[PDB]
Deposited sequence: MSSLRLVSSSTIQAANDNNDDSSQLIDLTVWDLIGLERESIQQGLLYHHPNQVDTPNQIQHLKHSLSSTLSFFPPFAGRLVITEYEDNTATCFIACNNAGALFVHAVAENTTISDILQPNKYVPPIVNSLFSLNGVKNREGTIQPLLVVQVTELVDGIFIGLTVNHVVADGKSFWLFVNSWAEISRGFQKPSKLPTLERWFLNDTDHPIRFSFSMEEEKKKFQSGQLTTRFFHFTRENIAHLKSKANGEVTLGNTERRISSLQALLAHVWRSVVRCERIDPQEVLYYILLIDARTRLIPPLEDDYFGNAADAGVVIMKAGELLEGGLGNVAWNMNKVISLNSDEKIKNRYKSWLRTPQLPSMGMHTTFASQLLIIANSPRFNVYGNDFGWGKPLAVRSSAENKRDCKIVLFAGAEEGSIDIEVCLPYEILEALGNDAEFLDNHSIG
């Protein structure tokens, strides 16, 4: 029968102290979860596995020289007036490398296609359930490499106060480059983080003070470039006054997914619905941040619509509203939101009490991030998976698909809704 065991855990320091102040975007995650995403590889031929594991360890240490935050620790100071400060010490305490073996477990055991994510996937990551504020002691980066019968899985656990999704995949891209033989990564990080005024740091903040919580399931759906292009043309074709085809491919897809979920759940048309986009500030500040600004740089944009209007008003109207919410995340709004946060620096609560699955839907990650170029020397990955640790939030996570211009979405919802989506011919997914 199949089994899973850890064979070794090793501290990995940078191959070759500095302090980093954290801004509002970074602090907001202190009480929340890590980023856990990983890559599946098939080994067509035999591989010298001990040498492969050693090569991943040494290239990881080399990459860490260029990303010192991932080898450091958080420093939190708690004060008597119920406030706190936090920063990153690049003290080279080290990341963690975990070597696991999944005896008699295969690629296809992990990647049940058109099926739900199997429970084994969650055990391909280490430090599940650890909040980002525990980075004062816990490594900010854990890599778990799990040997399979016909390949390996490379699963990263990354502290979400240090990095967002963009910065996560910057590190993965650069590590694969170093592993392939590059001497430097092709994109170097910008480590200095953004504050409206140099006097703002260290920010003194306060900690603290769901429908089907603990019972959600996770399933992938694949969207071809053609089906996406169909959705974009339809959405722009429905909103003509005042358009030169400004609704984007992703806006139309997300509008379609929103409509499909709500249609499958069958809810009262008077329900108010909240759709949570994460809008990058890097390109929207004036002056803009560096493209490879390393840290968090995104703010929620909340799309609010009645269920009746969402469905009866047509795809283009939903996508146009999302477009407009995105367009309101201007340089003015970003800086004023920052300033009012400094005036009431409380870390958020996870929000309202939800009574159905479509009520509050969070949209995470991006199809812009480079998933399939992560060749460490043995070929491109077959797939990307997350830990699927989250069983509380109704959530859609966006991934680049294997074929050019396609998108995989990882959907966390009640089981019967995922079943309805898989049986819905209006859901334009494939395979």
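Comparing the deposited sequence with the modelled residues shows gaps at 17-22, 216-220, 252, 444-446, with numbering starting at 1.
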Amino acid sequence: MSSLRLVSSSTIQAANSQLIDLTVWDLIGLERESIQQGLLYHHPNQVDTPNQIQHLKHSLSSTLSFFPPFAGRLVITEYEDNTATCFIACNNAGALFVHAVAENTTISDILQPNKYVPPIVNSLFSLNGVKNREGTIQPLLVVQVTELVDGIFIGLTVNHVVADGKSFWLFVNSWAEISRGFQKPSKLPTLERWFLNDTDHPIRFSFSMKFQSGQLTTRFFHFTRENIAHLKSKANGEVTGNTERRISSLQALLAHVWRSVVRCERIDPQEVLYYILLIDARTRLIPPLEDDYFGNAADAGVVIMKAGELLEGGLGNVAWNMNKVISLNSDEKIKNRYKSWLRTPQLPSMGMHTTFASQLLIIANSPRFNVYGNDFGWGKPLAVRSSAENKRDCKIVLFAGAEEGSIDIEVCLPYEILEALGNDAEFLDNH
From here on, numbers count along this sequence of modelled residues.
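Higher average CA B factor: 196-204, of the stretches 120-128 and 196-204. Across the two stretches, 265-273 and 156-164, the PDB entry reports the greater mean Cα temperature factor for 265-273. Of the candidates 140, 143, 325, 172, the one whose C-alpha carries the top B factor in the deposited record is 325. The residue among 49, 365, 370, 386 whose C-alpha carries the highest B-factor in the deposited model is 49. The deposited CA B-factor of residue 55 belongs to the middle third of values across its chain.
For residue 96, the recorded CA temperature factor ranks within the lowest third of the chain's modelled residues. Among all modelled residues in its chain, residue 103 ranks in the middle third by Cα B-factor.
In the deposited entry, the Cα temperature factor of residue 405 sits in the middle third of values across the chain's modelled residues. For residue 258, the recorded CA B-factor ranks within the lowest third of the chain. Only modelled residues enter the ranking.
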